[PDB]
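Each chain gets a letter, A, B, C, D, E, F and G, in the order it is written, and its residues are counted from 1.
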Amino acid sequence: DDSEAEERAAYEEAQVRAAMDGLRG
Amino acid sequence: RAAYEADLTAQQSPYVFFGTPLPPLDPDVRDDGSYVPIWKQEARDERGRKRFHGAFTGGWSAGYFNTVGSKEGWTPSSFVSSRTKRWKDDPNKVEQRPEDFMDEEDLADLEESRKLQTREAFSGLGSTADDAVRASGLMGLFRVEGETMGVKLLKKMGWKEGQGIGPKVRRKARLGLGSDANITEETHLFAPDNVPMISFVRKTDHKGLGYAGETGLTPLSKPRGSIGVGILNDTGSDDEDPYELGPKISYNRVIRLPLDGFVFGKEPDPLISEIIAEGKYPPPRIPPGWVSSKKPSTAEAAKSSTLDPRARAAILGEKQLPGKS
Amino acid sequence: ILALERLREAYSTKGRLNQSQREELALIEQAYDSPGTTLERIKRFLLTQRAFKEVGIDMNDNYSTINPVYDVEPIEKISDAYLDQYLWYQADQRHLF
Amino acid sequence: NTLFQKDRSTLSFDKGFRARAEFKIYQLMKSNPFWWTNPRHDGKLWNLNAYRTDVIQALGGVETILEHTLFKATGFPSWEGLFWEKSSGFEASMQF
Amino acid sequence: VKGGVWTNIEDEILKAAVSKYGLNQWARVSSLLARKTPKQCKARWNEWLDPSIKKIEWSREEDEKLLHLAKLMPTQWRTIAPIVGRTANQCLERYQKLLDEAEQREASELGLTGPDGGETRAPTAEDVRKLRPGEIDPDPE
Amino acid sequence: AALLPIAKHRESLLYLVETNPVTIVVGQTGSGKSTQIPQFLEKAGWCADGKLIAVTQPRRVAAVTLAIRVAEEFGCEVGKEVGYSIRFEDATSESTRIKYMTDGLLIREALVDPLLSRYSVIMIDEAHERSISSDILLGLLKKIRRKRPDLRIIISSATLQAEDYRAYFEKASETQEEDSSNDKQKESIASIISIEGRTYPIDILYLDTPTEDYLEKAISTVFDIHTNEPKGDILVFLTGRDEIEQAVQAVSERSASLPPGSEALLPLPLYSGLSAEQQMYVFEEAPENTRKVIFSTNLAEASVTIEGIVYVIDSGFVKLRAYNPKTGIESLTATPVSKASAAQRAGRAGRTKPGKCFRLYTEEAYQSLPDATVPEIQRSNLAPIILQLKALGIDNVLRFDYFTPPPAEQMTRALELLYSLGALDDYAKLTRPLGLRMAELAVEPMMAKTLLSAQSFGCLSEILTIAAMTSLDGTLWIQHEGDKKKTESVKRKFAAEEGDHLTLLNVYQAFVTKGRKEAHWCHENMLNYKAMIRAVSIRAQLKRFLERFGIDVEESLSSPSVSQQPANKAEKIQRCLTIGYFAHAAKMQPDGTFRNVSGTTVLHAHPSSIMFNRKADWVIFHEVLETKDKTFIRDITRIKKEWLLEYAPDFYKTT
Amino acid sequence: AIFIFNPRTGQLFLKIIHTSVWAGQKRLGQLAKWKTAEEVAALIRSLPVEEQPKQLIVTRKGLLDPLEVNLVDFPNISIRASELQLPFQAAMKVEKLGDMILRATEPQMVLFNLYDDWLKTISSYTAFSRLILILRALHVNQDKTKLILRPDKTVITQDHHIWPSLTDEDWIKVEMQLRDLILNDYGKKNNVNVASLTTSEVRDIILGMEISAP
């Protein structure tokens, strides 16, 4: 549903910010 | 022993004339026949010593005391034959079965392997195997019931799968053309459909009617084989996939004041209303002039009841099943 | 959910567990079956209960150093695992560290 | 492939698992040798399956490996179609 | 069942078991009792059955010491308990009772509640701590 | 008797029973139908020609109580003018005119009288209770009424489904359609007559929310309605015996804590297997300043009527016996009640004074229950009734006029069971020598097959005794809760390791040979008296029935000939059993459990046999039943594997 | 045409119905179903008991009723309604079958072998799956199925064969080509991505099971 999609998107953003850490910002 | 077990068994129960009475309940003698879980049992041998006696059954000794031989020895058989006297035309030709080269434990675990199973033409108790077969699609369409022969004798006596049991139904058809009643309605003789089986939910609790209940959670996800690590040294599963960590993950393709707490029924029960009321139909007219026409052992008959069911149905006028023809 | 599997990562499915581990496994399965009462009990303990049980202590031997290992009562272990997960989650979202 | 796990929403609430897995050594006697990695978050960080094939290729093939053993004494024609039982019924009967 | 509340049978069997085995063998003592573990037997002796435990009503001097120390060391109850002279649960429950009793006398003084015969009384925190059927006590010892 | 509404419509029902072949009366239990309708037909003069009136009852204790009630009302002794017959108890005479019969016994007498020429009118009272035998009587009376229109049929309906009954009496047959050429009016063969009842107004109370645990809210409702409302005997309908036990313990513990000076509460249970003392305690009225709280199972509905009851709490659940044919096992499971069940609940609440109903469920839930009970022939063993219908001679069981159709595969399991016991041939016909001999007995068919195989192999009287005591419902051993090792000893006073059947045979041989029919000896031995002397009469009836089989009875028990070795004779007994009980075979698993031949269903030993606490390898059980949590198997007896391979070559085969 | 297919052997029985049957008749669907059931019963009577079927699977539910009229003398043959949307109709789209159907002047028995020579190499289950896939693709697109089944002029259909002869690997290539075509058409129709259709969903689409949306 929308709630599960929002939490899954939060997880995906967390994994991205764990992978992108150190190089863009 | 001996005298004590005998005379206290005679004292506790002279009334068991048939069979064998139970051994006495005493601190001296033991009750061998009673059940003693599996976490209370001691592993003993035939003799009755806590000791094992196999290479693969946990013993420090195998064979006849670490010897491949036996107490009786072994003696080969003589076998003489020629043109004048042959072995194959002998009256008592002793064939070579693979059971005289077996030991008593070989015979024991061989008959242990000989499991008992019910026959395919007759259903046994609790045979729960058709649910996975039926819910398979085309495999369940091709694979059919294993022709338990009660079903096929029912086919013999005139019954068909897909409909139930009862008198003939004089219903016309459903052609599938909607609900057209303009058909001639010449009403062939048909059979009643099967009533569905009742599958009652298991009630292990005192939960009330209509209560869905507190929902329960779920755990968060989750050349063939090896020698093994022993059943005591296994502890718990310290032999995983040696190559890669973790259980494999399932992968998605894409991303008056009433009582307190008691409510009042807004409308009454209909039959606690019609118990006062007169009903939905009047009594008959009963005109004057009608009058009553008549004015105001079983065991012994069962002893002489020699009427066979064939003549019984003949005099009672019931149609019978076709026999052997 | 998360807290429960953390406790259940401590114990393999098979094994020779003594009494307290099987009591803990019973408590974990009870929490899975009845989560609302478990959460309400956890919050009641977290508000109210301020005196706690004995905590066992032993040493684990790495042959060069030994470290103390503390064995805690299972029901307080469930309460602490929930509190641990909640605090780490809320510290992440509120940017504590 | 951790973006396609079956349960991702519950894993979104799982923070601080590295410090927690560091401090688990004061709670358990069994030392976890993979304290650093968490397979749900980090993923499958290696794969050593191919080793198996190569070590067979190192030892002279399945035919040589099995002819060190009593495979040919068992009456089995070919090695395909076989399996090893982890424990007999006697072992599981006497475990408790 | 390996739980429950302590009955008189269990307390007497525990004391006789301690008389025979001593205070350093709680597994033998717990073998005597069917529903209790070694840890529960040890907790029952340490929190209830120890003859140094004062089960009389409190004095005002002990109240002064208890409140003073609870102000000194916040929520360090196992530290306060040897100094005050009771157990940790005794000091905790007395401190909670004193705060709730002060709350009720303050609510009586400010006079929001009228006569003490109506059902509109403010529910206390002691009313929350009540065991329902199917619930458990954190400290049955 | 004159104030009953059945007396006001007496002339109307007399006219409808003399004119119409069948008439359906609609009325609830308590309006005087079953008490006055046989009296009305007797006073009308329907027994002047030596012809009888019969009342077909589903319940046995209800039949006995109505028999003694109508005998007291008529001023006649029981059995000489108004008599009854329940299973193996026939209080009847030649001078008896009014008959209160078990409908199953009228199946067994339909094995005797083909046209039912000894009876004028047959009536089925409380027909919506819907026993199996009532429906098969309905079918056979329809067939006989086509064959002989002279006799009359009355059906007592609780509610509107009499119209469905009415439906069953326009579709007569299909051979009459060939003769249906004239333009004559379709005569009213079936008619409906109105006799209402009289009940006080009863207040119904529901709940705003679905209840959590109906036991705790049942007892809390009991105590709240005791404290608030004035004097009135509280009755609650619970489900099963442990629930009433927990309820009476809880109300006793709470009444211990009740404040003094108020009305005390007397807890009382009501079961099926009650003794005389506490049943009379329930029957006797409440003492001074004492209110009775009676917790009852399904006895106060229609079986036994208790008076002076004001309050009634409905748990919303009733236990039903069902029979799964795929697994082929019984199940005593707690089903939600029917709308007719809660209807009779509310009707039986307000008997003597305007009472209250306390259905512990919401009104939308009350809308959500089914209107009537589940049909009983869809959840029962069709094997004995297919056996009975073949015994009547209707072999065409597929083309028969049932009221409701049974499921198409349950009866396949039934007739497969019939074949496994012999009886039926390969061509779906009853076998003349054996099949009739299993057919005409009123005993469970599998052990009937056990009995008929004894003469061809040997000992018969021992398993005859076992057949006497297995046709018996209430337990032999009285439940003394004050004795645990003592009842264990007095069971071990008689017990034998070779099965429960040998223990029962030993208690019978101890009672008969030396006991001198003495009841107090059973009183020290923790044994019942009435049911087991009833089993003695059952043994006499079985011996007589085998005497009309032409086989001489080898009554060697009176002879002192013990020269045969008893071990081989016990082996002979259990071997005869495993010839007859080969279908119910199980193997013991080292966690102490039992599994079937397929090794799928989990079976536990029932907590009444001695084999509950004994070691065994292969067992046979008299029955199997699924309770709410565990599946229990009853009358364990030891066997051997090669016996089962020998005596079931078509049913077992080695791996 | 009335189609009767044997999945075990691949034998196809075709019953051609002419316009002379429909001449002078009203409510054509009713006696059409009646004549279908009567012709099925006549073919069953013509077939020997050893070759008699034991299960009849009908794509239409209404066929349960008149066939029961026509199978009173044969209780042993079971009739079951198919919940699957089987593409057995799309056999009109074959050029040979349609050419012989439209040119028939009298009702007649027709025998065909739908499996051709697949039984010598693959099992009857695999041949049935391939035939169901081919019929479903024909229902999707006749011309694209003809192009896929004959991608080159070297592949020539035999005189006694309905499908062009191909090797097992070429048949496998045609298999996922038709699978991709059917999946793309299903995704275009139902607005569901191809990847989101898992293997169970792909098999349900191939079988034609009416997929219930969550």
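Annotations for the structure displayed:
We take it that a residue touches a chain if its C-beta (ideal position, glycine included) is under 8 Å from a C-beta of that chain, and two chains touch if they have at least 3 such contacts.
Least step count on the touch graph, chain E to chain G: 3. Here the chain at the heart of the structure, going by C-alpha means, is B. Remark: chain C and chain E have CA centroids separated by 24 Å (rounded to whole angstrom). Centres computed as Cα averages put chain A at a distance of 54 Å from chain B. Separating the centre of chain C from that of chain F, both taken as means of CA atoms, is a distance of 55 Å.
Chain A and chain D have Cα centroids separated by 31 Å. In chain D, the residues that touch at least two other chains are 3, 10-11, 13.
Among the residues of chain A, those in touch with two or more other chains are 8, 12. Across the complex, chain D meets chain A through its residues 2-3, 8-9, 11-13, 41. By the touch criterion given at the top, residues 19, 23, 44-45, 48-51, 53-54 of chain C touch chain E in their complex. Residue ranges of chain C in contact with chain D, taken from their complex: 1-2, 6, 10, 58, 60, 62, 67-70, 72, 84-85, 88-89, 91-92.
Interface residues of chain D facing chain C in the complex, by the touch rule stated above, are 10-11, 13-16, 20, 25-29, 31.
Against chain B, in their complex, chain C makes its touches with residues 1-2, 4-5, 11-16, 32-37.
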